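Presented as structure tokens, the chain that follows is alone, the form deposited in one PDB entry.
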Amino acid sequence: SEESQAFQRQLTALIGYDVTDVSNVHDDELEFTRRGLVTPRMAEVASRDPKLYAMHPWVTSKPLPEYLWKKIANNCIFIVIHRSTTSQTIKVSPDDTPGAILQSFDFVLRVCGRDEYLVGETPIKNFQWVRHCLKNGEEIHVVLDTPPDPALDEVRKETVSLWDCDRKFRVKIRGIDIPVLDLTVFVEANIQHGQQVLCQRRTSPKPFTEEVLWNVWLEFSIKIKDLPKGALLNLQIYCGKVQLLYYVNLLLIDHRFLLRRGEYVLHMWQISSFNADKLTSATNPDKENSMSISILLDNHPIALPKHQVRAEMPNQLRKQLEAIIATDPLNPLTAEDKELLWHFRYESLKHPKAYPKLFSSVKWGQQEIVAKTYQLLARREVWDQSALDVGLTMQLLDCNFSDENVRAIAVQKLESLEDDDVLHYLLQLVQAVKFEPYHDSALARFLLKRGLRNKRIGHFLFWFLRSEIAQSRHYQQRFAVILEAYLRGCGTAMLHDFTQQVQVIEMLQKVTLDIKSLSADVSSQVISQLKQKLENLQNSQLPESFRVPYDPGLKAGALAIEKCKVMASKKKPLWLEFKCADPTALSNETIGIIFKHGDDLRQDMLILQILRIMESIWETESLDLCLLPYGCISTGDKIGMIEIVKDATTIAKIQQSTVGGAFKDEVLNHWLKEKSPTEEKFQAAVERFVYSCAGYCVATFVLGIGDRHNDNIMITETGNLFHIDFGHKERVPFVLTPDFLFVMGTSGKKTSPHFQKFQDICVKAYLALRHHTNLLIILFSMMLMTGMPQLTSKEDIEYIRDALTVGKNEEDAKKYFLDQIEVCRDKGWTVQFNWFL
């Protein structure tokens, strides 16, 4: 192929991994998957409306909430339209379509300052930019523009059956080899499906030298016909109480439905226990330093075939079944429970909420049972007609399920998600790719086609996939195949966008890392050295304008060198500021970004996303708790960017300026007054604080991250509180300190008008989250598994069960949470003071 040479290396520098490389494979799954994704790519590319794809209108079909109607005066909003020098203002009703305003004044209404458009058949109240304005109380400024050319979006032109085999499965362990290393060592071989271990065998313990041989057949009790698709041979290495040092995995049935055969020399992963890294079919790329195991699967090709009633039951049984279905997802199922669910299979099928539990009662090491299960899936009318529950759907995409048909019925439910909701779960859906047994899956193809069908989903998919590719040896190959698949259909315009973005951050990360080296306080020298490189970059070869990765609407321009600094933190992050590249912008506020190496911003990404989910949960119940979940992208290993929230300082530094060093109550409130221009704006600031505080109180308690040092809480000059830095004796539920309480109007032990309102919001916020207990549990589980490097135990996850008081009735839980506030009215500054040491 000709010009494809430069285009492929163009893709490689965008992805940050060579997709064509074959040095770290032992089959053709990755390449098969590239070829496999061509069709779903072509199918989506060819069927999208070229023009709607260009203006990417960001819209929603949810009701406009209670808290936003009371903002509209007399069923009429104001839209300032802009010509050249001066503007004109028009009055419009919440239902007026973009078209119904094109007459009153072919042209298109682009937002002032942003690459966002108001086009297409949706009411203007249904546009997100509008709901943003209304929320913060801001004027809607648009410009009369020419529609962007769809030509810019142009895409570059492009035999023995298994069930006839009653033989027992066997695998030969030749031995383990390690280039460099006193105990004994054995190998453990597990047949696995999900995380259920079907069969297990061990070798005898040999002395741990740099090469160990066994040459033994481990005969299993499971038969070849009884092996289900997606079953992992999991080979582990222990020494010796025993300890696990190395693990590795191999799919027994391959992507062609063929039983795995022949010689394999698999390089293995180390340890430092539920962790998504432990499930991967990928092998260690580090050939020179890693341990390896050598095996033989001896066996005509043995292909796996593709598959082509009671409802009357006793009283106490039906109730026992419903008690089982009405438990949380973390509640374990006994043998008796499982045996019950399977027998009444068909009664269970009528309840969508039974599905996780029901498919966790299947004996996957039994061909005739799985056969009955597939027949059971062929009759899923009730599931098919049910309204989409994301939390139930999530459950079926986690580590406990490895059956493609089971997982496909979940991915079926996600199809009905409007693009606004995909964005709400995209991060967690992307991470859920780690639980897929195979590189080609419904879930992967779903992400692929939702990204090709939408520039916004497409933008965030890019960085989400890129984040993991840059810092996951366990999953970089898989995500890389998917990302390439996406880029080969996103269109020339975006490819060029992505190139600028990659080039800018790769440049700025260098400057971030160089500066960190040069410090042992913001010393005289460093100040000028940073400004040295930042003026070096302004001409060669930083493109004059790039999209903000955490806010794809915003074009950033030239560095405001004067305003850039290194910060007085121990990790020396950058404080960078940019002119807005758009001359049609009506502000002059710079775009502030922090670049930081040192923290794990993947954890920050996840926690932030969950916060956005809690916000939308509250929207369903007409609540707004004014959380500030700022942009944060993980660009690499322990490195990324953060949005600078304008006009904000930490709590501790407010306590520093009055004292310097503990601790005074009124400080905050008289800091608040000295930033309010009126008195009206001051009480609005007290109001924003009442909600803000309550918001982070509820959210952090549930997540178990409420007990925090107070230079990790921030506030804006308009009262908006918010936590930061989510990287990683006697305790406290959350941070309700006596200075917070003084703002609400209380001093010691009283109930002020504002403090009641606080308790009012908290209680409602908490119980609102409890209406989504299941969903939060799964999100939280998934987060711990794909985002925390901690070999997360059951006990780490069982925290949120307690926090959300599962089982407890509505009344009893409200009093449980009010106990919590009262424990904050017991320690005051004692926990804060303890940090100081």
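By rigid core we mean the largest C-alpha set that fits within 1.5 Å across both forms. Each residue number is its position in the shown sequence, starting from 1.
Looking at the other PDB entries for this protein, residue 273 is absent from the model in a third or more of those that include the residues around it.
Note: missing coordinates for residue 161 occur in a third or more of the other compared entries bracketing this position.
A chain break between residue 181 and residue 182 is present, corresponding to 4 to 9 residues of the deposited sequence without coordinates.
Counting the unmodelled positions of the deposited sequence between residue 240 and residue 241 gives a long gap of 10 or more residues. Between 315 to 323 and 627 to 635, the higher mean Cα B-factor belongs to 315 to 323. Between 140 to 148 and 420 to 428, it is 140 to 148 that carries the larger average Cα temperature factor according to the deposited entry. Remark: of 74, 334, 400, 716, 74 shows the highest value [criterion: C-alpha B-factor in the PDB entry]. Residue-level inspection of the entry shows that, of 743, 724, 173, 613, 743 has the top Cα B-factor. Residue-level temperature factors show residue 204 in the middle third of its chain, judged at the C-alpha atom. The PDB entry assigns residue 780 a C-alpha temperature factor belonging to the lowest third of its chain's modelled residues. Residue 687: CA B factor lies in the highest third for its chain, per the PDB record. Sort the modelled residues of the chain by CA B factor and residue 286 lands in the middle third. In this PDB entry, the Cα temperature factor of residue 468 sits in the bottom third of its chain's modelled residues, the lowest group.
A second form of this protein, the form deposited in another entry, is not displayed here; the remarks below concern that form.
No residue of 368, 288, 384, 211 other than 211 has its CA displaced by 2 Å or more between this form and the one not shown when the core is superposed.
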